[PDB]
Amino acid sequence: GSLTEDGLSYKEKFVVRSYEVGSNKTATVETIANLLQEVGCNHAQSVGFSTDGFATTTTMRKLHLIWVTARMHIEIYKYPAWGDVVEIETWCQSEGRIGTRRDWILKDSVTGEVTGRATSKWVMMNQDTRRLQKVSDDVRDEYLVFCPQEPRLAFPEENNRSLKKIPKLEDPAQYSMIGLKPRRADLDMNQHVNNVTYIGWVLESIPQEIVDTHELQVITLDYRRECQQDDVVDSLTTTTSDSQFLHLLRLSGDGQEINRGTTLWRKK
Amino acid sequence: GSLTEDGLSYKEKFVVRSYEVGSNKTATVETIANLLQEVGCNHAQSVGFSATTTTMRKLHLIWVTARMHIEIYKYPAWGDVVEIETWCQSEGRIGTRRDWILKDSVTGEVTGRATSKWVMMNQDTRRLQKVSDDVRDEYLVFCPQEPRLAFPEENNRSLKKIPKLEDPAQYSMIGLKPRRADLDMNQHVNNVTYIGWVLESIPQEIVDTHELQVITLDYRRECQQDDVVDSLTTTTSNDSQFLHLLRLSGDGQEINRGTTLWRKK
Ligand SMILES: Cc1ccnc(N)c1
Ligand SMILES: Cc1ccnc(N)c1
């Protein structure tokens, strides 16, 4: 992987692995999400961000600040097959005092065609109190050095899916998978649950017949609260319809919401 | 990745990913196990498989994992390049073996080694069977004919007998279930998941203060998509040793047994 000529975006190629594919011999949406996270880390390192697991700036380190995921939105047109080379381009943009955004474009390395795109929203939080915060002048300034200054958007369309409001699922859910717990392979280097695990947990409550007869086209997931190592999760799904579902992840005990989202599936 | 000049082994380089590392910023033993499985698949493809032989498909036969043994000296750090060399060998009518050597691409030093035993099974009845003359002949074309062993030693750890853990276990992690990311392309539970499940019952203080040096895992029965597993551990021991057992939560049916040796950091 490498930064592009202008130094305002980063590209990386990945060969799709045997263990990364599903029953149709193409990448799962979790493998895609992992590759998006990997190229994001490679970009942060190339532009001088800290290693240590947290991709923080020097001002963030002095003020005990971290980035927290608020939303992940992915749209896939073609999942790469086992052995294929997928090229991913990523870049960041500041969104005033609200937070920051990381966008991605996925391409077939052989044909050069776009096979997917993703967008993510990140908000500032104090690492110790876990209290949300607005982005300060000094953080916005250090972002201007490695972000395009004109808007560059993976989802440019006005009133598109990536910015849509997601409602809260009403009890009773049509489908469910209860008692989901993270194991050591679900944690990141800082022992926090990896963001991609939440996508897996959301999908667990989709019936296997939908997975066998349909392809996932779009997934939009809101992040509200982190699941701890010792927490237990319930994943709920209701068909809202192409097939569409409304999802909700909550703690098995108190019912505390941790995630909400939607998925759109196309018949094969 | 590519076959070596003689065509009797396969090498591949891997860059260690951010999501693949643990608390000390080095590869987990599950990431290593996944890389071992990946280079194995790339070797099989390069020698004409897809992973059965022509005779195996004709007779509805598949390979089933019987044992996995891994020894690590240095876990590669986040961003490092690890080179893995793999090769196969026939073991008469008993089964076959796949061996691995892990090296630091920069220094060229061996940082780990692994060995795996595979037995023949009919895909439909799930009944074990001996390797036939025709299958052994197929293996001769791409396996070294002189013995090449990752674990050469006559009484080494890789061939040791593993006993069954006695109730009550000292440690446990109950109600472990596979999710879709735990399955392979054929919807069978991935071999590496079992390693993760074994380690779940090791206390977090052991993981925080010790490094895994050796893991030996026997495979006895497959966990199905709808099965629930219990993972049990008892300390058998400056080195720490554990005896492990995976069994179904309902039945108590044994699926795996194994041992791990850990060294203090
Ligand atoms: C947006 C948000 C707020 C708080 N905690 C999170 N994990 C995410
Ligand atoms: C060795 C062995 C025997 C039967 N089933 C397995 N999965 C493994």
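We count ligands from 1, going down the list as the structure has it; atoms in each ligand are counted the same way. Reminder, nothing fancy here: chain letters follow the sequence lines and each chain counts from 1.
- The neighbour count for A/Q45 CD, taken as heavy atoms of other residues, nucleotides or ligands under 6.0 Å away, does not exceed 12.
- Residues A/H247 and A/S205 bring no donor and acceptor atom of their side chains to less than 3.5 Å of each other.
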Q: Apply the test side-chain hydrogen bond (donor to acceptor under 3.5 Å, both in side chains) to residues A/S235 and A/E204: give CA-CA distance (whole Å), side-chain angles for both, the deciding distance (0.1 Å), then the verdict.
A: CA-CA 7 Å; A/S235 168; A/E204 275 297 282; over 6 Å; no
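- In this structure, A/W67 has its ring center under 6.0 Å from that of A/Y143.
- Of the protein's non-hydrogen atoms, the one nearest atom 8 (C) of ligand 2 is B/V64 CG1, 3.4 Å.
- Heavy-atom separations between B/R126 and ligand 2 are all 4.0 Å or longer.
- Residues A/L264 and A/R161 form a side-chain contact, since some pair of their non-hydrogen atoms from C-beta on lies under 4.5 Å apart.
- Protein heavy atom in closest approach to atom 6 (C) of ligand 2: B/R220 O, 3.5 Å.
- With a 4.0 Å cut-off on non-hydrogen atoms, A/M125 does not touch ligand 1 at all.
- Residue B/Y219 has at least one heavy-atom neighbour below 4.0 Å for each of these atoms of ligand 2: 1 (C), 2 (C), 8 (C).
- Each of the following atoms of ligand 1 lies closer than 4.0 Å to a heavy atom of A/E226: 7 (N).
- Ligand 1 lies nowhere less than 4.0 angstrom from a heavy atom belonging to A/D222.
- Here is the list of ligand 2 atoms found below 4.0 Å of a heavy atom in B/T65: 8 (C).
- In this structure, a donor-acceptor pair under 3.5 Å is absent between the side chains of B/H69 and B/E71.
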